[PDB]
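Sharing the initial chains of the complex here, in place:
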Amino acid sequence: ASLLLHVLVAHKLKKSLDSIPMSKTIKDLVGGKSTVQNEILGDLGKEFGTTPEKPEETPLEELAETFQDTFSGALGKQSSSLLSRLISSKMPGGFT
Amino acid sequence: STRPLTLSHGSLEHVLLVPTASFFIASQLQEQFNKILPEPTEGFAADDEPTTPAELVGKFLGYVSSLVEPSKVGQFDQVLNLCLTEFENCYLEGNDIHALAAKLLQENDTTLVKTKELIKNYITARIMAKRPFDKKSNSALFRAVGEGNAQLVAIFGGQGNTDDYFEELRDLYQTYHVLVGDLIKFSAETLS
């Protein structure tokens, strides 16, 4: 979950997998625009199902654990749909 | 006296009943259209390629609507008027376009960018083929305000709600070009 969460957040911020430090709240990373914040929470909602209460107030590091329990290396709805785009929309010209 | 034509992209199609009177027009648009839209890829995930039959017909309505003139009666007017009347009777079942855009978004693996263009295409088409919105729509909410169930209040926002408000004006103008074009134009003159 600690990798998958990092990637889902990294992808929504148009930012590199190390420019996001895990020891930092979601409302910290997108403090300005509140749209992106909720849009991240909507994505974690689809991806891992059940969330804590005020997930954008607990650091990703801390929140990754809470998911790690009830999730089992499942890509699920959102991540699968992001890879389906990544391949087809980028130019693995023939190889799916 | 009719004749079948099949708009298709990879695995999905809409079968389209063109009066043979105006077929040599439509089949020339079909091949011109069938080369612009890209190579089918699994899931139909890439932003350009449509994901359902409903989107594919919409992509067409747009491409045809981009060749009509709003005054000059050209060749494509009756072509477009029999893509609309198909699209409205298959996929809208006498609802609004927005009610359809919703369904696709929670059923099928469409995105927002994918469903924004479908609303652009349909509403462009409706106006390029002189069919202006004049029917007092059967909106559940407004049937409910007449009956006296629902009370409505309008509220308007202000500054502070976004970093770039101007992307809201751009996205609004990109999609409802054919409804707001006149109000935008009026403001631009009235401020200038």
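Okay, I see it. Numbers count the residues shown, from 1 in each chain, chains lettered A, B, ... in the order given.

show me where chain A has helices.
Using DSSP state H, the helices of chain A run over A:2-12, A:26-29, A:34-48, A:60-70, A:76-89.

Could you identify which of those helices is most buried?
For the helices of chain A, the largest average neighbour count (mean count of other Cβ atoms under 10 Å in any protein chain shown) is found in helix A:26-29, namely a mean of 19. All C-beta atoms are positioned from the backbone trio N, CA, C, and that covers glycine.

Format the helices of chain A as a markdown table; extra columns: distance to chain B.
Below are the helices of chain A laid out as a markdown table (distance: least, Cβ to the nearest Cβ, whole Å):
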| stretch | distance to chain B |
| --- | --- |
| helix A:2-12 | 13 |
| helix A:26-29 | 15 |
| helix A:34-48 | 7 |
| helix A:60-70 | 23 |
| helix A:76-89 | 4 |
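
how about these in a markdown table, adding distance to residue A:95?
Below are the helices of chain A laid out as a markdown table (distance: least, Cβ to Cβ, whole Å):
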| stretch | distance to residue A:95 |
| --- | --- |
| helix A:2-12 | 22 |
| helix A:26-29 | 34 |
| helix A:34-48 | 26 |
| helix A:60-70 | 32 |
| helix A:76-89 | 8 |
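
From chain A, how far out is the residue of chain B positioned farthest from its centre?
In chain B, residue B:148 marks the outermost C-alpha relative to the chain mean, sitting 32.9 Å out by Cα atoms, centre = their mean. In this view, residue B:148 and chain A are 35 Å apart by Cβ to the nearest Cβ, to the nearest Å.

Over to residue B:111?
Distance, residue B:111 to chain A, by Cβ to the nearest Cβ: 8 Å.

thought that residue was touching residue B:49?
No. Applying Cβ atoms under 8 Å, one finds residue B:111 not in contact with residue B:49, separated by 11.5 Å.

The two: who's more crowded?
Shown here are residue B:111 and residue B:49; by other Cβ atoms under 10 Å in any protein chain shown, residue B:49 has more neighbours (21 against 14).

The more buried one: what's it in contact with?
Taking Cβ atoms under 8 Å, 6 or more residues apart in numbering or on different chains, we find residue B:49 in contact with A:88, B:9-10, B:37-38, B:40-41.

switch the cut-off to 10 Å
By Cβ atoms under 10 Å, 6 or more residues apart in numbering or on different chains, the contact set of residue B:49 is A:88-89, B:9-10, B:37-41, B:43, B:55-56, B:59, B:114.

Just the buried residues out of those residues, in ChimeraX syntax.
To isolate the buried members of the contacts of residue B:49 in ChimeraX, using 16 or more other Cβ atoms under 10 Å in any protein chain shown:
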select /A:88 /B:9,41,43,55,56,59,114
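
tack on chain C:
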Amino acid sequence: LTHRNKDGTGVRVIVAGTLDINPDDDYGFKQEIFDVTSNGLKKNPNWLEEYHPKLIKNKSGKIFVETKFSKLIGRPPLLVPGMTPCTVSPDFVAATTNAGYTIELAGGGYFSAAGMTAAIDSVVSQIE
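Below, chain C sits with the chains from the block before:
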């Protein structure tokens, strides 16, 4: 922002400017304006009216505070809860049950099925 100020007053906000989908379905998007089916007229809960406490009578003519909870148990919506010393006694559990009020026997003062079964049996012997 207005939605969160008045969640639970019986007011639905519709964001007339954007088309998206609310997972929670707390507030609406553009669709709700245009939609023709019953999926355009949705109401939000009015907690003061949903869960308003009422009164109600028996054939005997004995009044009850009617709530979600009292409607299930047929007794007033007051429970003496499980307290280790206090509701360990089956003589207390019986008196409170007799009276007409819900009460927990307390596991915390029992050390074995045998011991508790003797307690539960002493309760059943005394209640109506």
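
let's see the contacts of residue B:49 again after adding chain C.
The contact partners of residue B:49, by Cβ under 10 Å, 6+ apart, come to A:88-89, B:9-10, B:37-41, B:43, B:55-56, B:59, B:114.

Dump those residues to a markdown table, plus secondary structure.
A markdown table is the format used below for those (DSSP: H, G, I helix; E, B strand; the rest coil):
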| residue | secondary structure |
| --- | --- |
| A:88 | helix |
| A:89 | helix |
| B:9 | strand |
| B:10 | coil |
| B:37 | coil |
| B:38 | coil |
| B:39 | coil |
| B:40 | coil |
| B:41 | coil |
| B:43 | helix |
| B:55 | helix |
| B:56 | helix |
| B:59 | helix |
| B:114 | helix |
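
Widest-spaced pair of the residues you listed?
The distance between the two most remote of the contacts of residue B:49 (Cβ to Cβ) is 18.1 Å, for A:89 and B:56.

Give me the most central residue, chain B.
residue B:122 (2.0 Å).

interface residues of chain A facing chain C?
Chain A comes close to chain C at residues A:34-35, A:39, A:41-42, A:45-46, as judged by Cβ under 10 Å from any Cβ of the partner chain.

now, which of these sits nearest chain C?
Nearest to chain C among the residues of chain A next to chain C is residue A:45, at 5.7 Å by Cβ to the nearest Cβ.

how near is that closest one to residue C:12?
Distance from residue A:45 to residue C:12, counting by Cβ to Cβ, to the nearest Å: 21 Å.

about what we covered before: now for the residue nearest to the centre of chain B: which residues touch it?
Residue B:122 sits next to B:54, B:57-58, B:61-62, B:65, B:84, B:87-88, B:91-92, B:96-98, B:100-101 when contact means Cβ under 10 Å, 6+ apart.

which one of those residues has the most neighbours?
With neighbours defined as other Cβ under 10 Å, the most crowded of the contacts of residue B:122 is residue B:58; it has 27 neighbours.

these two touch, right, that one and residue B:92?
No. Applying Cβ atoms under 10 Å as the test, residue B:58 and residue B:92 come out as separate, 11.1 Å apart.

Return every residue with contacts to both of the two.
Common contact partners of residue B:58 and residue B:92 (Cβ under 10 Å, 6+ apart): B:100, B:122.

Can you identify each of the helices in chain B by residue range?
B:23-36, B:53-65, B:77-90, B:97-107, B:112-128, B:140-147, B:166-191.

Go through these and pick out the most buried.
Of the helices of chain B, the one with the most neighbours on average (mean count of other Cβ under 10 Å) is helix B:53-65, at a mean of 22.

which parts of the longest helix seen in chain C are buried?
Criterion DSSP H: the longest helix present in chain C is helix C:113-124. Of all the residues in helix C:113-124, those buried under the rule 16+ other Cβ under 10 Å are C:116, C:119, C:123.
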